[PDB]
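Worksheet: the structure to be examined is printed underneath.
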Amino acid sequence: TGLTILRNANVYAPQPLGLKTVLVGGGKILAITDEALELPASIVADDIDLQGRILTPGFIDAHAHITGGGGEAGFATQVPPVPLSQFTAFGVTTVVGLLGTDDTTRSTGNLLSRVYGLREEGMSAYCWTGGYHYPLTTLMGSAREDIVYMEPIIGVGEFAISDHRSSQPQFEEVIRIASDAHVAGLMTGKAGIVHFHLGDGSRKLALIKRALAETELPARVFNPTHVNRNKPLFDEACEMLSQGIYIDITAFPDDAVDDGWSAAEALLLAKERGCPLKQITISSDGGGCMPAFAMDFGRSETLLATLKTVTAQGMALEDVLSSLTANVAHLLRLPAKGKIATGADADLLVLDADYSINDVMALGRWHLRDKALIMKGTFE
Amino acid sequence: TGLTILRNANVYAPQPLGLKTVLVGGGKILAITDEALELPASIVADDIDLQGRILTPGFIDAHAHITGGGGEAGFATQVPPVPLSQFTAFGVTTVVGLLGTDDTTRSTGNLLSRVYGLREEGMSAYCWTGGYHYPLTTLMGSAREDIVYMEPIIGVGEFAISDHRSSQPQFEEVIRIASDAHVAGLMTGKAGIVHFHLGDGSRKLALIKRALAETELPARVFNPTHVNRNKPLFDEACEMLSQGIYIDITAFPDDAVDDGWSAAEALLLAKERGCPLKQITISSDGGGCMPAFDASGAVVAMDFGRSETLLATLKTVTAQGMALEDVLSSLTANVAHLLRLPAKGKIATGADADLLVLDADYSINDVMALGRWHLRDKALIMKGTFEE
Amino acid sequence: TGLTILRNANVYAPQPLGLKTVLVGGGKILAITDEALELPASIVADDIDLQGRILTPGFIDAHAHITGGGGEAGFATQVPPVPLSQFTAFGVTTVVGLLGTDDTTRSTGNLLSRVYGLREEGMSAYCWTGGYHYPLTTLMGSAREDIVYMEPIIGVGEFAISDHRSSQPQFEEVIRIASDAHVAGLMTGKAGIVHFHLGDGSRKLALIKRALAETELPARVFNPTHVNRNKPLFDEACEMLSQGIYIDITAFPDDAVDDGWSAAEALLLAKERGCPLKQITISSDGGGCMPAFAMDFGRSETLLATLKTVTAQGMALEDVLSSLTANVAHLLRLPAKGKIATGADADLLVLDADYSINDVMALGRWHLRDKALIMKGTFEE
Amino acid sequence: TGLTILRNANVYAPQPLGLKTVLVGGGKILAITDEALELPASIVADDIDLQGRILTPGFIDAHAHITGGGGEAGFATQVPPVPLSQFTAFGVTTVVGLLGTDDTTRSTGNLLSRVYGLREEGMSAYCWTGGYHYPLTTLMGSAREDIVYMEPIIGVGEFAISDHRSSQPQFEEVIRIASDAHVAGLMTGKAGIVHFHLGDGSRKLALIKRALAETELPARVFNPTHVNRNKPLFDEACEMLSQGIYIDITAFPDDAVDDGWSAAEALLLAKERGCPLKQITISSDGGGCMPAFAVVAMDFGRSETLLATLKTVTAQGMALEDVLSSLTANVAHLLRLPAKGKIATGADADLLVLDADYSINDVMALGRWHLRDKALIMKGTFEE
Ligand SMILES: [Zn+2]
Ligand SMILES: [Zn+2]
Ligand SMILES: [Zn+2]
Ligand SMILES: [Zn+2]
Ligand SMILES: [Zn+2]
Ligand SMILES: [Zn+2]
Ligand SMILES: [Zn+2]
Ligand SMILES: [Zn+2]
């Protein structure tokens with residue numbers, strides 16, 4: 001009902017702004033000021049002194065199996081849907097859902113209905129249409145119709161290249177899909193991009209290199225993920241940043257890194273190479289199936305773990321925080337997200353000085369307060 | 001994006017609350033209080049003393065051809081899409097769009113894309129899927145899929161019964177459509193109703209009477225409109241209020257009333273009969289094709305329906321002694337209740353900041369949609385992309 | 001891969017057979033004997049003295065939302081898939097999955113793929129095609145194709161009648177669906193029936209009465225469930241048992257009973273009225289959305305709770321056990337299930353004297369042993 | 001029923017294990033032991049002394065027209081469905097059915113329904129979806145859906161390349177089909193491979209060579225059959241074994257060999273060249289149309305050529321386990337049938353008892369005798 005006032009917030013917007021008073025109401029950031037705002041008590045829901053603790057935008061996890069992934073090694077490996085608290089307790093206030101390898105038994109209707117479920121439970125959610133294989137799995141007859149007509153659908157993903165599980169897509173198929181995503185993006189104001197799953201194939205980003213050389217499509221339309229899964233792929237991804245693509249680094253748990261880089265190592269290496277960090281995002285692959293050589297699934301907890309690892313190695317908080325917030329909102333054309341700015345959505349984290357999460361606000365409501373869950377999923 | 005404070009508002013919520021201070025921010029009503037709120041000037045965009053002038057919710061016009069209607073007497077009669085200001089200048093802050101007789105050349109994609117256009121221009125908009133004829137015109141393969149998956153699609157309409165332009169729908173077809181709308185409504189929290197176009201056919205509401213007698217579908221699922229177009233239909237509509245249906249009265253211009261009641265006469269008559277007015281709504285049929293006649297009855301000119309008839313209706317019934325809150329509810333809270341729009345139709349904390357400021361004669365002075373002024377001292381501050 | 005021998009089992013098959021030795025191997029019941037079998041130690045995996053404890057068939061829960069149900073009051077009410085142990089720990093060794101009210105966002109491919117997941121994890125699973133609404137939700141173009149070509153698909157359900165959430169199906173639509181299920185059943189040897197969701201509509205079982213009066217379709221094809229949800233419906237369901245239909249009673253938790261009967265009350269009342277109990281089954285509606293006036297979901301735990309309630313009120317164990325085992329296997333044409341008989345699947349419960357479950361065997365493997373889970377779902381912790 | 005005990009079995013599993021007692025029950029192999037098991041008579045259905053006769057796994061014939069093939073030279077050449085005994089009497093306890101050249105009048109529904117018919121009659125049966133031509137003949141809208149949702153459907157076949165009767169498939173079409181079979185295989189635990197019909201076209205295995213060089217698809221996904229039909233094709237198939245493909249040799253009758261190798265000659269030649277025999281399978285093309293020569297008379301392929309091949313190569317000095325593996329364990333390994341192709345505890349009780357000359361004396365399928373002392377105990381519903 002009322003206003004929420006956050007006093008002495010050490011604001012990372014994600015760029016450091018210093019101490020501010022932050023006023024929240026109607027699910028929005030209404031003011032960011034040096035002034036010690038004096039308000040009538042009758043209209044204030046919560047008056048909180050953060051006493052110089054860090055305030056950041058909520059994380060945007062743009063690669064999550066919100067329905068659960070798996071199904072790649074038997075039907076029993078179908079992962080259950082990710083409960084609300086497995087996003088919010090880890091600082092994820094916006095998720096972008098996708099289908100992966102199983103786009104056969106799982107449908108775009110499964111995915112979009114779970115987006116609406118997470119929205120009803122008080123977080124923000126979008127999704128990718130099309131999935132992994134060709135022809136694309138869509139709700140309507142085509143990806144272009146899905147993106148034009150369904151507000152939460154922002155692009156095509158995660159479409160597999162250079163992977164034994166791909167549909168062995170041809171150049172002509174890839175640039176047609178990209179053209180449909182791009183046109184739908186222009187018509188709607190949404191991301192109009194193709195989120196590509198990369199495997200360990202030695203062709204790496206060859207299809208995207210050819211698209212950038214031969215077509216007029218803007219480079220931002222080609223968005224490869226898991227680029228840290230092997231070192232030659234990561235090198236090729238870093239080189240292609242100069243052509244204007246955005247690259248997505250996956251926060252693998254330490255077990256699953258194999259012959260590649262952790263998200264932490266990859267981001268530190270991109271910084272050391274002088275890569276444009278504003279073109280680099282990190283995602284968790286939450287709900288993705290995680291085999292042990294027992295069976296588990298990916299968690300959004302690796303995003304904060306990554307942030308702690310790189311900051312402990314001397315990276316500035318704002319550099320890694322941007323890869324989880326403003327950079328994702330910029331690529332995905334989410335102007336209300338990824339920023340502490342007046343008029344933006346009140347999706348906010350309060351961090352301790354070691355960057356542990358103390359509080360999580362989504363759309364102006366506390367989900368986590370003093371490390372305790374206040375709001376949880378319907379069935380948690 | 002500061003706060004807006006409206007001081008000394010005579011609040012019709014739509015029920016009269018007396019004088020209040022109303023605080024708006026983030027597109028929402030943040031407070032309604034007796035307190036003379038003192039706020040820091042640095043966070044206040046607008047501090048307005050209404051000095052006891054009436055504040056109401058914005059009107060919800062649940063029957064409008066947002067794409068334009070017509071096409072019923074030649075292709076030249078296709079009405080252009082209704083510009084933003086032809087809603088907002090008349091106090092309409094939420095519209096529900098539909099296709100009418102022409103659901104052949106016009107598509108659900110035309111309709112839904114215009115909903116998104118009106119939302120981008122700063123008003124609120126929803127639509128009906130299915131249209132007028134059988135089989136239904138939908139975006140996906142079925143009405144149930146449209147209502148489940150497309151947030152702005154709230155139900156089926158305007159589906160024609162008792163009209164020479166209908167598809168002569170059978171009872172079994174009607175209750176199947178109603179079942180699909182109802183189930184989709186339960187799944188989504190949306191209206192989940194069938195908005196029925198009534199014509200002058202003497203069968204009147206017989207298909208709805210049969211549905212209420214023979215099925216378990218709740219009465220609110222069957223929502224007839226234009227019930228004032230002839231007197232026997234209006235009498236049957238009033239009688240069926242006791243079974244729990246909502247009825248929609250159309251604010252025809254005075255020319256187009258023919259052998260029926262104006263919206264004003266129909267609402268006054270429902271009140272005189274002791275009908276439950278909370279089950280009665282008024283809509284404009286804006287963007288509907290409006291033929292103009294000479295003294296000889298020859299078709300001379302063509303115009304389209306306007307949302308201006310809603311306020312004209314409110315002025316007419318209040319001049320005849322109806323309480324402002326009774327007619328205002330028929331444009332606001334009753335529509336929001338039937339259509340399950342909990343953010344709309346009410347001056348209540350947490351609701352959308354869709355507000356009208358009225359003069360003493362109930363002329364609109366100011367119109368706010370989602371916390372932004374569209375009309376201020378009778379001047380347009382915000383207009384459609386292509387308005388001049 | 002040895003033999004398992006269960007000595008001194010007090011066998012309810014589900015009919016009481018007395019004390020027996022039961023031999024299990026290759027997932028099957030190989031012998032039921034008075035003999036104290038002496039076997040070479042080298043081929044015996046497990047030699048267990050049950051010391052006179054009750055041995056029953058595993059329960060067949062023929063009405064479960066294995067994918068999760070809900071979605072009837074907002075997308076947030078989509079129930080997660082039921083984990084393996086939420087069947088096996090409650091004595092359910094065979095489940096028949098279905099879609100309910102949400103047969104729009106959920107597909108037959110969702111349902112059938114979860115059947116295969118539960119089979120991979122070591123229980124037995126089947127499903128109903130078609131769902132709740134008309135037209136039917138199927139994997140192939142028609143229910144008849146689904147039942148003919150997909151081994152686990154046994155019939156059509158749960159198809160809604162006398163309910164505000166139904167598709168307001170017409171008699172002609174219902175008997176066409178029934179004819180397709182019946183023909184597919186004859187071609188395949190499978191159930192070939194229509195499992196009908198009943199609501200609180202006052203028309204009750206009128207469409208089924210009309211089908212029995214006007215068509216040649218056998219009565220067993222028309223299988224109404226939730227018949228205990230209101231008392232006039234339950235009375236009509238009991239009267240129609242004399243025409244040869246089977247009725248399914250839902251084991252609602254005590255909160256959700258409203259103006260109807262608990263499964264326990266309904267089964268005791270059917271027995272008191274002299275109804276043919278072999279035509280009565282009980283199911284849990286596991287994974288179904290359960291509102292509090294908070295949100296929870298249905299559990300297979302109500303089946304054993306029902307068995308304890310009716311036995312405490314004087315019903316013979318074999319009467320209620322048949323409603324969970326042999327009666328379901330008979331109606332659904334599952335000849336390997338619902339019975340302790342040689343050649344049948346080794347799906348077995350060991351009960352304490354108060355009928356608490358001590359051990360659960362599915363296809364010859366222990367899932368529960370001395371009330372500890374030995375086998376669990378892929379993602380259970 | 002209770003337990004069956006087979007005493008003094010000379011076990012080829014298919015590798016030689018020596019003399020064993022084999023215990024069967026519930027359709028499974030429950031024990032393989034040196035112990036002379038003593039069991040209570042009340043639980044024993046059958047106590048059989050094999051007297052040192054050879055015991056092998058049942059043959060897996062992974063290329064059979066279970067519906068009948070033919071239709072390539074007029075409608076009258078449609079072969080009738082193969083009766084149960086025309087598998088079991090020849091030692092075939094598992095068959096994998098397919099459509100061939102006529103995937104126009106014959107459907108995947110014909111094929112899958114005959115799989116279920118053979119299962120009802122007590123043998124094991126699977127099938128290939130898609131058939132010979134492009135676009136594919138499937139039950140559902142796609143091969144990937146067929147393999148994901150229909151338990152008996154294990155892959156795509158028999159898809160024609162280098163043949164005048166092919167659909168002239170392009171590289172891009174072939175690798176798309178292979179990707180769909182592979183992904184469906186991973187999702188289900190099933191074979192997930194493309195079984196390719198090879199003709200006499202001089203392009204031979206060019207499309208598969210290109211797939212192995214240009215894609216990440218595992219080599220095992222590309223499974224060419226009839227590789228013995230001409231000598232240059234057979235040489236190319238043998239060379240590609242080093243890239244990890246499995247190759248299927250067809251047991252043509254002696255008449256039909258033309259300018260190629262018999263299965264026997266092909267397997268002996270692969271052994272002489274030091275090829276990895278575990279990557280080589282033999283299939284009969286049972287139910288395939290067999291014209292007799294001017295075209296004078298018409299017959300159909302029989303599973304009898306599998307055992308004839310085994311007798312031919314063993315008479316030329318090949319070890320029984322080498323050729324037996326090509327009919328049993330190698331097929332079960334490629335097709336991901338862990339219950340088949342092996343005498344191992346927990347496996348299906350699909351067993352052959354052979355005489356000293358390797359003639360079949362007894363055939364057990366899923367623990368039941370189909371053939372006992374060379375007499376049929378079980379036959380098809382309509383066999384007389
Ligand atoms: Zn991926
Ligand atoms: Zn992934
Ligand atoms: Zn109308
Ligand atoms: Zn109209
Ligand atoms: Zn149910
Ligand atoms: Zn139900
Ligand atoms: Zn062939
Ligand atoms: Zn061939």
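Going by the structure tokens order, chains are called A, B, ..., each with residues numbered from 1, while ligands are numbered from 1 in the order shown.
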How would you write, as an mmCIF file with N, CA, C and O atoms, in the first residue's frame, the set of residues no farther than 7 Å from ligand 8 when counting only C-alpha atoms and all ligand atoms?
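Below you can see result23.cif, which holds the result:
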data_model
loop_
_atom_site.group_PDB
_atom_site.id
_atom_site.type_symbol
_atom_site.label_atom_id
_atom_site.label_comp_id
_atom_site.auth_asym_id
_atom_site.auth_seq_id
_atom_site.Cartn_x
_atom_site.Cartn_y
_atom_site.Cartn_z
ATOM 1 N N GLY D 100 10.325 -51.308 -46.755
ATOM 2 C CA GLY D 100 11.313 -51.107 -47.826
ATOM 3 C C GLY D 100 10.770 -50.253 -48.936
ATOM 4 O O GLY D 100 10.181 -49.193 -48.646
ATOM 5 N N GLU D 158 14.337 -48.566 -43.515
ATOM 6 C CA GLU D 158 15.676 -48.593 -44.082
ATOM 7 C C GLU D 158 15.763 -47.504 -45.141
ATOM 8 O O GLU D 158 15.079 -47.606 -46.183
ATOM 9 N N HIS D 197 19.695 -48.468 -46.357
ATOM 10 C CA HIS D 197 19.743 -49.396 -47.511
ATOM 11 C C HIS D 197 20.769 -48.849 -48.492
ATOM 12 O O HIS D 197 20.634 -47.693 -48.894
ATOM 13 N N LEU D 198 21.772 -49.638 -48.836
ATOM 14 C CA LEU D 198 22.721 -49.316 -49.924
ATOM 15 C C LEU D 198 22.302 -50.057 -51.180
ATOM 16 O O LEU D 198 21.965 -51.258 -51.104
ATOM 17 N N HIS D 226 23.330 -54.179 -46.445
ATOM 18 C CA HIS D 226 23.658 -54.796 -47.754
ATOM 19 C C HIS D 226 25.063 -54.394 -48.228
ATOM 20 O O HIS D 226 25.256 -54.312 -49.428
#
Which residues of chain C come within 8 Å of ligand 5, and what is each one's closest atom pair and distance in Å (one decimal), counting only C-alpha atoms and all ligand atoms, sorted by chain and residue number, as CSV?
residue,atom,partner,partner_atom_place_in_ligand_line,distance
C:63,CA,ligand 5,1 (Zn),6.8
C:64,CA,ligand 5,1 (Zn),7.1
C:65,CA,ligand 5,1 (Zn),7.0
C:69,CA,ligand 5,1 (Zn),7.5
C:98,CA,ligand 5,1 (Zn),7.8
C:99,CA,ligand 5,1 (Zn),7.6
C:100,CA,ligand 5,1 (Zn),5.4
C:101,CA,ligand 5,1 (Zn),7.7
C:158,CA,ligand 5,1 (Zn),7.1
C:197,CA,ligand 5,1 (Zn),7.0
C:285,CA,ligand 5,1 (Zn),5.4
C:288,CA,ligand 5,1 (Zn),5.8
Legend entry - Protein and nucleic acid residues within 6 Å of ligand 4 (only C-alpha atoms and all ligand atoms) as a list in words: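 Those residues are residues 100, 285 and 288 of chain B.
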Go ahead and dump the residues you just picked, N, CA, C and O atoms, as a compact mmCIF listing (two decimals), in the first residue's frame.
# COMPACT_ATOMS: atom_id res chain seq x y z
N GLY B 100 -16.78 -6.69 -34.90
CA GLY B 100 -18.23 -6.83 -35.10
C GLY B 100 -18.53 -7.58 -36.37
O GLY B 100 -17.92 -8.63 -36.61
N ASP B 285 -20.10 1.65 -27.93
CA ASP B 285 -19.89 1.18 -29.33
C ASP B 285 -19.06 2.18 -30.17
O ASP B 285 -19.33 2.36 -31.40
N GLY B 288 -17.90 2.19 -34.11
CA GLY B 288 -19.03 1.62 -34.88
C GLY B 288 -19.47 2.59 -35.97
O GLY B 288 -19.35 3.81 -35.81
Legend entry - Test item: residues at most 12 Å from residue 194 in chain B, only C-alpha atoms, excluding those fewer than 6 positions along its chain, as a PyMOL selection string: chain B and resi 98+127-132+143-144+147+153-161+174-185+208+217-225+245-248+338-339
Inset, instruction - Please identify the residues whose atoms come within 12 Å of ligand 3, using only C-alpha atoms and all ligand atoms, and report them as a VMD selection string. - result: chain B and resid 62 to 65 69 to 70 72 98 to 102 131 to 133 157 to 166 195 to 200 224 to 229 248 to 252 283 to 289
Legend entry - Expected answer as a list in words: residues within 9 Å of ligand 7, only C-alpha atoms and all ligand atoms: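 Counting only C-alpha atoms and all ligand atoms, the residues within 9 Å of ligand 7 come out as residues 63, 64, 65, 69, 70, 98, 99, 100, 101, 158, 197, 225, 226, 284, 285, 286, 287, 288 and 289 of chain D.
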With N, CA and C atoms retained, write the just-selected residues as a PDB file, in the first residue's frame.
ATOM      1  N   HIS D  63      16.827 -56.700 -39.601  1.00  0.00           N
ATOM      2  CA  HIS D  63      16.372 -56.256 -40.935  1.00  0.00           C
ATOM      3  C   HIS D  63      15.390 -57.274 -41.468  1.00  0.00           C
ATOM      4  N   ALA D  64      14.117 -57.141 -41.118  1.00  0.00           N
ATOM      5  CA  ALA D  64      13.079 -58.076 -41.603  1.00  0.00           C
ATOM      6  C   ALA D  64      11.834 -57.292 -41.986  1.00  0.00           C
ATOM      7  N   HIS D  65      11.229 -57.685 -43.097  1.00  0.00           N
ATOM      8  CA  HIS D  65       9.924 -57.181 -43.554  1.00  0.00           C
ATOM      9  C   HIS D  65       8.846 -57.992 -42.857  1.00  0.00           C
ATOM     10  N   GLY D  69       7.458 -57.690 -47.599  1.00  0.00           N
ATOM     11  CA  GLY D  69       7.954 -56.627 -48.482  1.00  0.00           C
ATOM     12  C   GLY D  69       7.366 -56.795 -49.861  1.00  0.00           C
ATOM     13  N   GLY D  70       8.209 -56.671 -50.878  1.00  0.00           N
ATOM     14  CA  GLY D  70       7.795 -56.754 -52.280  1.00  0.00           C
ATOM     15  C   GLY D  70       6.956 -55.568 -52.693  1.00  0.00           C
ATOM     16  N   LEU D  98      10.911 -53.461 -40.691  1.00  0.00           N
ATOM     17  CA  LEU D  98      11.008 -52.219 -41.458  1.00  0.00           C
ATOM     18  C   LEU D  98      10.134 -52.323 -42.703  1.00  0.00           C
ATOM     19  N   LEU D  99       9.793 -51.147 -43.229  1.00  0.00           N
ATOM     20  CA  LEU D  99       9.280 -50.990 -44.608  1.00  0.00           C
ATOM     21  C   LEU D  99      10.472 -50.789 -45.534  1.00  0.00           C
ATOM     22  N   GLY D 100      10.325 -51.308 -46.755  1.00  0.00           N
ATOM     23  CA  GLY D 100      11.313 -51.107 -47.826  1.00  0.00           C
ATOM     24  C   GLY D 100      10.770 -50.253 -48.936  1.00  0.00           C
ATOM     25  N   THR D 101      10.969 -50.687 -50.178  1.00  0.00           N
ATOM     26  CA  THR D 101      10.692 -49.856 -51.371  1.00  0.00           C
ATOM     27  C   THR D 101       9.241 -49.387 -51.348  1.00  0.00           C
ATOM     28  N   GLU D 158      14.337 -48.566 -43.515  1.00  0.00           N
ATOM     29  CA  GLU D 158      15.676 -48.593 -44.082  1.00  0.00           C
ATOM     30  C   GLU D 158      15.763 -47.504 -45.141  1.00  0.00           C
ATOM     31  N   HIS D 197      19.695 -48.468 -46.357  1.00  0.00           N
ATOM     32  CA  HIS D 197      19.743 -49.396 -47.511  1.00  0.00           C
ATOM     33  C   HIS D 197      20.769 -48.849 -48.492  1.00  0.00           C
ATOM     34  N   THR D 225      23.553 -51.106 -44.464  1.00  0.00           N
ATOM     35  CA  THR D 225      23.223 -52.528 -44.652  1.00  0.00           C
ATOM     36  C   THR D 225      23.397 -52.878 -46.137  1.00  0.00           C
ATOM     37  N   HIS D 226      23.330 -54.179 -46.445  1.00  0.00           N
ATOM     38  CA  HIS D 226      23.658 -54.796 -47.754  1.00  0.00           C
ATOM     39  C   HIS D 226      25.063 -54.394 -48.228  1.00  0.00           C
ATOM     40  N   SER D 284      18.918 -61.002 -42.279  1.00  0.00           N
ATOM     41  CA  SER D 284      18.417 -61.980 -43.299  1.00  0.00           C
ATOM     42  C   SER D 284      17.653 -61.269 -44.414  1.00  0.00           C
ATOM     43  N   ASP D 285      17.118 -60.080 -44.168  1.00  0.00           N
ATOM     44  CA  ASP D 285      16.078 -59.494 -45.057  1.00  0.00           C
ATOM     45  C   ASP D 285      14.871 -60.453 -45.241  1.00  0.00           C
ATOM     46  N   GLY D 286      14.464 -61.159 -44.189  1.00  0.00           N
ATOM     47  CA  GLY D 286      13.268 -62.026 -44.184  1.00  0.00           C
ATOM     48  C   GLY D 286      12.025 -61.265 -44.616  1.00  0.00           C
ATOM     49  N   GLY D 287      11.159 -61.872 -45.439  1.00  0.00           N
ATOM     50  CA  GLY D 287       9.926 -61.245 -45.964  1.00  0.00           C
ATOM     51  C   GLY D 287      10.200 -60.358 -47.173  1.00  0.00           C
ATOM     52  N   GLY D 288      11.469 -60.080 -47.492  1.00  0.00           N
ATOM     53  CA  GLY D 288      11.875 -59.369 -48.719  1.00  0.00           C
ATOM     54  C   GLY D 288      11.527 -60.206 -49.949  1.00  0.00           C
ATOM     55  N   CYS D 289      11.116 -59.594 -51.050  1.00  0.00           N
ATOM     56  CA  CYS D 289      10.695 -60.330 -52.270  1.00  0.00           C
ATOM     57  C   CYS D 289      11.943 -60.892 -52.969  1.00  0.00           C
TER      58      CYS D 289
END
Inset, instruction - Give as a ChimeraX atom specification the residues surrounding ligand 1 up to a distance of 7 Å, considering only C-alpha atoms and all ligand atoms. - result: /A:100,158,197-198,226
Inset, instruction - Enter the distance from CA of residue 276 in chain D to CA of residue 244 in chain D, in Å, rounded to one decimal. - result: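 Separation of CA of residue 276 in chain D and CA of residue 244 in chain D: 9.4 Å.
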Can you tell me which residues surround residue 187 in chain B at a distance of at most 7 Å, considering only C-alpha atoms, apart from same-chain residues fewer than 2 positions away, and format the answer as a PDB file with C-alpha atoms, in the first residue's frame?
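Contents of out_11.pdb, freshly written:
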ATOM      1  CA  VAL B 148      -5.243 -18.691 -21.914  1.00  0.00           C
ATOM      2  CA  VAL B 183     -12.571 -22.395 -18.271  1.00  0.00           C
ATOM      3  CA  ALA B 184     -10.000 -19.975 -19.770  1.00  0.00           C
ATOM      4  CA  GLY B 185     -11.225 -17.287 -17.301  1.00  0.00           C
ATOM      5  CA  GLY B 189      -8.096 -14.854 -13.459  1.00  0.00           C
TER       6      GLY B 189
ATOM      7  CA  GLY C  71      -3.964 -24.418 -13.017  1.00  0.00           C
ATOM      8  CA  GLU C  72      -7.739 -23.977 -12.319  1.00  0.00           C
ATOM      9  CA  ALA C  73      -7.299 -20.723 -10.304  1.00  0.00           C
ATOM     10  CA  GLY C  74      -4.244 -19.064 -11.907  1.00  0.00           C
ATOM     11  CA  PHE C  75      -1.033 -20.351 -13.515  1.00  0.00           C
TER      12      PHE C  75
END
Inset, instruction - Check every residue of chain A for an atom within 9 Å of chain B, counting only C-alpha atoms, and provide those that qualify as a VMD selection string. - result: chain A and resid 1 to 3 24 to 31 33 35 37 to 40 42 to 43 109 112 to 113 116 139 to 141 148 to 151 188 342 to 343
Produce a file of the selected residues containing C-alpha atoms, as a JSON list (two decimals), in the first residue's frame.
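The result, stored in selection.json:
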[["chain", "number", "residue", "atom", "x", "y", "z"],
["A", 1, "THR", "CA", 0.00, 0.00, 0.00],
["A", 2, "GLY", "CA", 2.41, 2.67, 1.30],
["A", 3, "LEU", "CA", 5.83, 4.05, 0.30],
["A", 24, "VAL", "CA", 9.84, 2.99, -3.72],
["A", 25, "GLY", "CA", 6.08, 2.86, -4.40],
["A", 26, "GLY", "CA", 3.60, 1.32, -6.83],
["A", 27, "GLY", "CA", 6.34, -1.25, -7.68],
["A", 28, "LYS", "CA", 8.66, 1.50, -9.04],
["A", 29, "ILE", "CA", 11.71, 3.54, -7.93],
["A", 30, "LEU", "CA", 10.12, 7.02, -7.38],
["A", 31, "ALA", "CA", 13.24, 8.95, -6.16],
["A", 33, "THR", "CA", 18.25, 11.61, -3.69],
["A", 35, "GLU", "CA", 18.01, 14.50, 0.68],
["A", 37, "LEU", "CA", 13.35, 12.68, 2.90],
["A", 38, "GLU", "CA", 10.86, 13.50, 5.68],
["A", 39, "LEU", "CA", 7.50, 11.82, 4.88],
["A", 40, "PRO", "CA", 4.20, 11.57, 6.80],
["A", 42, "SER", "CA", 0.62, 7.51, 7.64],
["A", 43, "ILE", "CA", 1.78, 6.87, 3.95],
["A", 109, "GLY", "CA", 2.69, -23.55, -23.93],
["A", 112, "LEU", "CA", 4.79, -19.53, -21.37],
["A", 113, "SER", "CA", 2.30, -20.84, -18.76],
["A", 116, "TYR", "CA", 2.68, -16.48, -16.09],
["A", 139, "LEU", "CA", 3.12, -21.66, -29.63],
["A", 140, "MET", "CA", 1.68, -20.19, -32.86],
["A", 141, "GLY", "CA", 2.71, -21.36, -36.37],
["A", 148, "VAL", "CA", 4.86, -10.28, -32.21],
["A", 149, "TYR", "CA", 1.73, -11.43, -30.32],
["A", 150, "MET", "CA", 2.93, -12.86, -26.92],
["A", 151, "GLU", "CA", 4.28, -10.06, -24.70],
["A", 188, "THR", "CA", 7.47, -4.89, -30.57],
["A", 342, "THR", "CA", 13.84, 6.65, -11.24],
["A", 343, "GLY", "CA", 10.88, 5.10, -13.10]]
Inset, instruction - All residues within 8 Å of ligand 2 are required, counting only C-alpha atoms and all ligand atoms; please report them as a PyMOL selection string. - result: chain A and resi 63-65+69+98-101+158+197+285+288
Inset, instruction - Please identify which residues in range 108-290 of chain A DSSP calls helix (DSSP H, G or I) from the backbone, and express them as a VMD selection string. - result: chain A and resid 108 to 120 143 to 149 171 to 188 206 to 214 219 to 221 231 to 243 254 to 257 263 to 272 277 to 279
